[PDB]
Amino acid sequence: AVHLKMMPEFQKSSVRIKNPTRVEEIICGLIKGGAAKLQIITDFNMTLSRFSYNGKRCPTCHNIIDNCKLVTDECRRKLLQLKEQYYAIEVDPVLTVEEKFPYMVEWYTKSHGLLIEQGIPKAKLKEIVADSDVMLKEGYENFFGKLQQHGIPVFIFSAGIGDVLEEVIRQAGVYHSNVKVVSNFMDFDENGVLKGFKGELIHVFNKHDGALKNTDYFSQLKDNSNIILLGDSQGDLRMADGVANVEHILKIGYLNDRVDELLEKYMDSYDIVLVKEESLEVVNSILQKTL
């Protein structure tokens, strides 16, 4: 049997679990299925990457571009101001998802407009990422390493910028063959210069959509009926909506901001809530028991 009381990673003050006996049962289910039945569905920004480090806020994939040498200071100022205004709406505890939705569309349209005007070259993304302040969560090597060792499908579903994300994990040497990325990918002109974004916009509150547009991926993993889902937003709860068959699903949520106002809602919707936590130690311990 699984006993959370016997696992010290589960007793750390950052770990908030509303239903410990249900979390035990789910983890027991994952262990029973082992590698053969497991798949991962995870968010990127502030879920696999850090929210802050040494008392400083860390960048999202968009922020990497916002802050880089290939954007003018005037543009960066506009982008900072958009970030201030619209992040405040994104995390606002008083608004509903449906109230936030149009403002998120609008943030993305305005910010992507401004990035396209700057003409970001594809060939420069490597240096831009190498010079950024992006940081992955503590334990990321063992997370991606254990998963690849056992061939576990990992679906990274991000409303950020796909080219940036891929370059972060590529440089960190964890972009292994088991990793699939779905995000907003840049569209480049004949010069290799940013001219737009491909496909349909993925934003904070429409991941349900993209989840269903990936049923080919999910239909090939019908046997992978045990799901670990990681996110930091309420909008990440929908990332598993396209899975073919769900037998056991564990939802782990990183609560990084407005903690007192959001704790109850996060504890009601995620099986495990990780409060101001910059490591993957909890999920890594579950993997250790499972694989």
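Residue numbers run from 1 along the displayed sequence.
Higher mean CA B-factor, judged across 197-205 and 113-121 from the recorded values: 113-121. For the pair 92-100 and 163-171, the mean Cα B-factor is higher in 92-100. When the C-alpha B-factors of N63, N245, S49, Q39 are read from the PDB record, the largest value belongs to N245. The top Cα temperature factor in the record, among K137, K213, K146, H176, falls on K213. Compared with the other modelled residues of the chain, the Cα B-factor recorded for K83 ranks in the middle third. Per the deposited record, the Cα B-factor of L230 falls in the lowest third when ranked against the other modelled residues of its chain. Per the deposited record, the Cα B-factor of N45 falls in the lowest third when ranked against the other modelled residues of its chain. Among all modelled residues in its chain, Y217 ranks in the highest third by Cα B-factor. Annotation for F157: CA B-factor lies in the lowest third of the chain's modelled residues.
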